[PDB]
């Protein structure tokens, strides 16, 4: 169709309008005293929320050229969120601040590329300083404290998180399942997680968690491509007559087969989910074999003398539960006997010494870890189903925060962390090779205080005086919007994982650079 | 689709326009002398009503941003109504008053979060005072008096309500059925009520009562999920050839099965209703087994060796009547023999001593109560079917009022209760930590007199002088809009259950806080 | 003609728009770093100014209803200025702040009369505190220091002001005349000043000083009314043939005589000025006789046997210079011989003992002071006429500041004085009898910080942090916008006379009360 093209300021200002309109809605839900945002529902009463994730997801504008910036900032915010579990509100606010300051200098005739380079230099310096301000958290007591703080002073959640992490590994897999009692419980079951997601968003069945969950399904293993629906019809018919859900692991599924699976999932004909097999090259067969032996199934392949047209339910693997997310899929309580699993673990461990390179050895070690480590399952316990729903979400959020916290430590939250990092970086000595790079540095130095300013503004106080008072303090000293007091932010349990702040700042800087160095904009004509 | 976003006052004023236009229609039907409201019907003569429930239900504004507050206030009013049986007119009026006063302060630059906190403090103090003003009602004479007052001086209704309550329990289950004579009658039949509602509004068949009623149905018990329509087709076919209605109790029904059941109910193919099985965890099986033994059926489960594909009418339970409300479902006159029911009652009572925790013991006690208590059935008796319809509704309203009254006592109605509570709370000493909290206190103190002011205004008198005269009196002294006289409001039998006023005030405060602390609004663009 | 009437908010908002449009222009010229304001001239290049007096004088709006508030605020600002010599910029800013805060509470339904009473109470408390914060200045060294500070560190101006004030009296009359050398000189000449101004603005001849100045004029003394032009034509003809200017002192002049004098002054036919004779009752004749003997003239009166139709130049008095201002007129170097003046001084001093009342004695003492004290004339000296023009204005401004300072002392300028007074008054305990009076108190407490906030904003810094830092200090500690430093405001020579701040605050409060308690507005229809 016909396109409409906008150049220079006439397009940068539309980007700015879009990002400003997205951020003005998102930032009202930032801080302990964040305001409410009312969102229309198609039917029934409007939904009111005070979290940035839901408000941002619903925001998309009428004008296409503003929607461009809105969606790019939303995408970078979601990229920040999915890897840290929080900060998408912070990332959008930081991006708005950086862009709003950057357009002032761009309109001043200053070089956009040098502005981008100065912004990158300042962000690199601030991130490098965050690695020093951050307090590490590796002791079980520290892990429990961080979990309790993230779970709103619920000590049981923190204790359960610590007990799951300290025996399965800080890099281990932890999942949450509804418990059978009032007290939370945990267990280790045979399972693994691999970095493969569902191939279509229609596969999801839990919009609240944005994941696909199947209960006691069959596992289909294939090492070749699947495009023809006929190639798996006799197997899916057996699965449907069996009545249990289906998880299909293949090299790829596309075309009429994928379309038919999507239609079946939408119509409720059969509960199906298809993901790409993990790894590539020769690692593909090893991954498929390990998954099959873990789920008790057999890989369907010509080299092993089986065909999908004749495959039966006996060849298929099975497990208690499989969770399919956007980036990774995990298997819970595979049907494989522990004896064969341990034998294969020993086989892989002795093949480790057969590695021809450090890359081979590290992949074999990853295989050993993903196979022998199992999956930690947290049985969240509470009195009622209504309390079940809330406690499960709280435990999941605490688990994500602890996973982020244990990797990079904790840092004074509420936006004080960025101020401390900025002051430390400036004291270290930060300069640009050009006056344009100097303005780029100034842009980030002014923008990194925006999260605290907006938290204070939503709290109702005057931003400038609070920011000045926070800057006059040193260390963990900061402002607590929940109570309005000044003191050690860590001591009151107001924390953010260093990963969250670092990722928010870096993604905001990236999107700000992209929409500062943008000179042309192409969109569909009205 | 395209979204339209409004910020700050530009959105708060639309919320206020919506709530004001909803309340201006609702409040005309408040008080003994409430005016009429004429509502268009799609065909035939317009319906005229003088009750707030029907007027509010019909209000759907054109502008989306006004319909926002309209539907939110309607939702909180309905939440007040469904738990107390009345006060949705009062709740809307109180919400309008609080929001209209709060906007004056918010426009004055006054802090919204502190306004919300002051409103919450004032509401908590007033509610705490209501617990002291309220006259308790627990004697059979008191119960009969409250029932008679709620039933417009019909002593037979009050006597029947008292006789149903005093032998089945103040927490027992009481239902109303059409009698076979002129005089009202009551009886106790084997049955139970559990907190599970219909899974779709299409299941209802009595729009007057907003409930689903099935006569002499079959009871289907399943402990697993149902999504495939094929899983229950051979059973529904047998039921259809039998001709009796079907009630399906399962863990959950969704997808094509639920869609087919909805289509069948709409088309009149088969009278069906599906509700979730009560409880969760191990309590699920106990609930299903108790329900099956009460209805004479058997639970379809793999652990017991039965499948729904082969289930027959013999395995299904049956009862004289089942009523499915939005929140709870009750079973009347189950087919289970009293001997086995009493044996299971003894089994549960001796398992009570086997409880590992107080939570286990209290759930076992709840099981004992819900099983052995049965269901009280009130046979409403009158001369004609036209009089049947009116008397049944009057008895149901009196039963709801008595249930609300017996829980929290009675309090002087006509809005005098809130004035007495406000005066007592102010005399106790009520203050805010900020001038903003003081304004929040003042907002509620001025708003809690709105119900009496509107009752008087609909009665035609001047609100201010009547309110002042009521305030000059003490105790139960107040204004009776029915006759225009002043005196002990309890003595003329103008009463409201304490639950009704408390819930109305609290829900109005909650919705007012939500629409005061609202800064952003997202709705579909035109 | 046709009138248009506006009521309530529809008129208060027009008042607010007018005062806001006046104050937004005026406040940009406030503070040491005040911005420039460019004003159109009818012909030639536009005039740029950075003083509030000129900007306010030129401001007059198109819409009549806004011009109402604009002109009332301008009138009260001019009333502040003419009695203190400065602060008309401060008064307008304070009035804008008070009104802008007051409309927030008025729109909140709060009682305007109680708001006005609370504003008056707060202003009274703050003014009472200013009488304690103010440092008195009565020593000659203090007077010289204040004069030097007001004259931009010109020690010669301060020394001359001190030498004029310490020998003629702190209540004495001091005037400025162009000198005959580089060094400033001072002298005492026979003269007096009385509180009578010119009867028409057309009499002025120095728009820069807004005064009427006549050089070596004739003095006409009459004790009766003058309306007929014929009554003084033979005298004005003699004066015109003489060629020297004319000053006419009479009970009153009106009608054709005043019109003819105005036309003659405009046409340049004759330099004339007419003022009312000072005093009333029997004091009128005493004033006229003293003025005549001071100027060497004779009073034209029937009781003394003279008529204005036959008056000659010999009867008229004369002096070196007369200055006619809006409120007062002064005579410099009267022709009366010092011997007769001293004899009349002794006569009045011995008549002092003849006074029948304390009021009579104090008026006789005022006569003695105004006659014997003479007039101090400052011969402002400098190199060039261009430097003459600037130095004369600087000396006049320093003289006005010293006159204001010596009466009520000095106080830390730059808006810190109002903050110190507010803090001291709040610590003393300030409360209102009503919540509306409490809001009225809060209005003034918030508004009195507006001058410092705007000085800082024009200086470019952030207002809130600077105000908070100033409040954290005590005593004379404050912010200096000239250099951006913090310290003792008095030590850096940034001062305001207590009269200036007190008058600005009181007049702003008065006009704010008038335009807060305004409910109707009448203006000419389009």
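Methodologically, a virtual Cβ is constructed for each residue, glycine included, from the backbone with ideal geometry; neighbour enumeration extends over all protein chains shown. Every read-out reported here was derived from the displayed coordinates using simple, explicitly stated rules and does not represent laboratory data.
State which residue is surrounded by the most Cβ atoms within 10 Å (Cβ to Cβ) when the search covers only the stretch A:468-485 and only residues that are within 12 Å of chain B (Cβ to nearest Cβ) and touching a helix residue (DSSP H, G or I) at 6+ places or on another chain (Cβ under 8 Å). Filtering the stretch A:468-485 for residues that are within 12 Å of chain B (Cβ to nearest Cβ) and touching a helix residue (DSSP H, G or I) at 6+ places or on another chain (Cβ under 8 Å), the one surrounded by the most Cβ atoms within 10 Å (Cβ to Cβ) comes out as A:481.
Applying the criterion of being closer than 19 Å to residue A:104 by Cα and surrounded by fewer than 21 Cβ atoms within 10 Å (Cβ to Cβ) to the residues of the stretch A:17-42, the residue that is farthest from the chain's Cα centre (by Cα) is A:17.
Within the stretch B:263-293, how many residues are within 23 Å of residue B:205 (Cβ to Cβ) and more than 13 Å from every other protein chain (Cβ to nearest Cβ)? Spell out the reasoning first.
Filtering the stretch B:263-293 down to residues within 23 Å of residue B:205 (Cβ to Cβ) leaves B:263-278, B:291.
After this cut, where a residue has to be more than 13 Å from every other protein chain (Cβ to nearest Cβ) as well, the list is B:263-275, B:291.
So the answer is 14.
Looking across A:386, A:368, A:345, A:406, one residue alone is under 22 Å from the mean Cα position of the chain (by Cα) and under 30 Å from residue A:184 (Cβ atoms). It is A:406.
Among the conditions (1) part of a helix (DSSP H, G or I); (2) surrounded by 23 or more Cβ atoms within 10 Å (Cβ to Cβ), the only one that residue B:414 does not satisfy is (1). Residues of the stretch C:343-369 that are assigned to a helix (DSSP H, G or I) and touching a helix residue (DSSP H, G or I) at 6+ places or on another chain (Cβ under 8 Å): C:344, C:345, C:348, C:349, C:351, C:352, C:361, C:363, C:364, C:365, C:367, C:368. The residues in the stretch A:48-97 that are within 14 Å of chain B (Cβ to nearest Cβ), within 18 Å of residue A:495 (Cα to Cα) and not in a helix (DSSP H, G or I) can be counted, and the count is 1. Answer with yes or no whether residue C:465 is crowded, with 16+ Cβ neighbours inside 10 Å, away from every other protein chain (no Cβ under 14 Å) and touching a helix residue (DSSP H, G or I) at 6+ places or on another chain (Cβ under 6 Å). In short, no.
Just one of the numbered conditions (1) more than 30 Å from residue B:519 (Cα to Cα); (2) free of Cβ contacts under 8 Å to residues at least 12 places away in the same chain; (3) within 14 Å of another protein chain (Cβ to nearest Cβ) is not true of residue B:109: (1).
For every residue, the table says whether it meets (1) outside any loop (DSSP other than H, G, I, E, B); (2) farther than 27 Å from residue B:110 by Cβ.
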position	(1), (2)
A:454	yes, no
A:457	yes, no
A:464	yes, no
A:482	no, no
A:486	yes, no
A:496	yes, yes
A:506	yes, yes
A:510	yes, yes
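Counting only residues that are touching a helix residue (DSSP H, G or I) at 6+ places or on another chain (Cβ under 9 Å) and assigned to a helix (DSSP H, G or I), the stretch B:264-308 holds 10 of them. Only residues that are part of a loop (DSSP other than H, G, I, E, B) and within 14 Å of chain A (Cβ to nearest Cβ) were counted across the stretch B:206-249, and they come to 5. For the stretch B:505-526, a residue qualifies if it is facing chain A (nearest Cβ under 9 Å) and over 14 Å from residue B:117 (Cβ atoms), and the qualifying residues are B:515, B:518, B:519, B:520, B:521, B:522, B:523, B:524, B:525. The set of residues from the stretch A:319-342 being part of a strand (DSSP E or B) and under 25 Å from residue A:83 (Cα atoms) comprises A:321, A:322, A:323, A:324, A:329, A:330, A:331, A:332. Of all residues assigned to the stretch A:292-308, at least one qualifies as being farther than 21 Å from residue A:190 by Cα, surrounded by fewer than 21 Cβ atoms within 10 Å (Cβ to Cβ), without any contact (Cβ under 8 Å) to a residue 60 or more places away in the chain and in contact with a strand residue (DSSP E or B) (Cβ under 9 Å, 6 or more places away or on another chain).
Number of residues in the stretch A:147-202 that are away from chain B (no Cβ under 14 Å), part of a loop (DSSP other than H, G, I, E, B) and within 20 Å of residue A:389 (Cα to Cα) equals 4. Residues that are without any contact (Cβ under 8 Å) to a residue 60 or more places away in the chain and out of contact with any helix residue (DSSP H, G or I) (no Cβ under 7 Å at 6 or more places or on another chain) are absent from the stretch A:322-331 altogether.
Any chance the stretch C:37-57 includes a residue that's in contact (Cβ under 8 Å) with a residue 24 or more places away in the chain and out of contact with any helix residue (DSSP H, G or I) (no Cβ under 7 Å at 6 or more places or on another chain)?
no
Can you tell me how many residues in the stretch B:192-221 are at positive phi and touching a strand residue (DSSP E or B) at 6+ places or on another chain (Cβ under 8 Å)? Total meeting the criteria: 1. Here the condition is being within 14 Å of another protein chain (Cβ to nearest Cβ) and surrounded by fewer than 20 Cβ atoms within 10 Å (Cβ to Cβ); of A:460, A:432, it holds for A:460 alone. The set of residues in the stretch B:135-146 that are under 15 Å from residue B:489 (Cβ atoms), part of a helix (DSSP H, G or I) and more than 20 Å from the chain's Cα centre (by Cα) contains only B:145.
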